[PDB]
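Asks: Kindly return the folded structure for what I paste below:
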Amino acid sequence: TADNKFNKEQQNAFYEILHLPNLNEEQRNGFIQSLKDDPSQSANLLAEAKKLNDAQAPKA
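Replies: Numbering: from 1, shown residues only. I have put the structure below:
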């Protein structure tokens, strides 16, 4: 890149965020929808998403 700053584990994770089998997209599409249509808070979104993962992922 040369203008914005999409690298802090954002781009890479994004492709992954779209795989979490334990969540619906209403919420997911929410954070990321901004990541694609608005590369602004996309980074902070990354953080919040990973969190919303466990909040609904099975466990022991």
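
Asks: gap between the residue most central in space within the chain and residue 58?
Replies: Central residue of the chain (C-alpha atoms, centre = their mean): residue 46, 3.9 Å from the mean position. Remark: distance between residue 46 and residue 58 (C-beta to C-beta, to the nearest Å) = 22 Å. Where C-beta positions appear, they are placed from N, C-alpha and C, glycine not excepted.

Asks: wait, what's in contact with residue 17?
Replies: 28, 31-32, 46, 49-50 (C-beta atoms under 8 Å, 6 or more residues apart in numbering).

Asks: What subset of those residues is buried?
Replies: 28, 31-32, 46, 49 (16 or more other C-beta atoms under 10 Å).

Asks: so which two of those are the farthest from each other?
Replies: Farthest apart among these by C-beta to C-beta are 28 and 46. That separation is 11.9 Å.

Asks: quick one: residue 18 and residue 3, what's the gap?
Replies: Counting by C-beta to C-beta, the gap from residue 18 to residue 3 is 24 Å.

Asks: circling back: which element, helix or strand, includes the residue nearest to the centre of the chain?
Replies: helix 42-54 (DSSP states H and E).

Asks: Counting by contacts, list what that helix packs against.
Replies: helix 11-17, helix 25-37 (3 or more C-beta pairs under 8 Å, 6 or more residues apart in numbering; DSSP states H and E).

Asks: That concludes my questions; thank you for your assistance.
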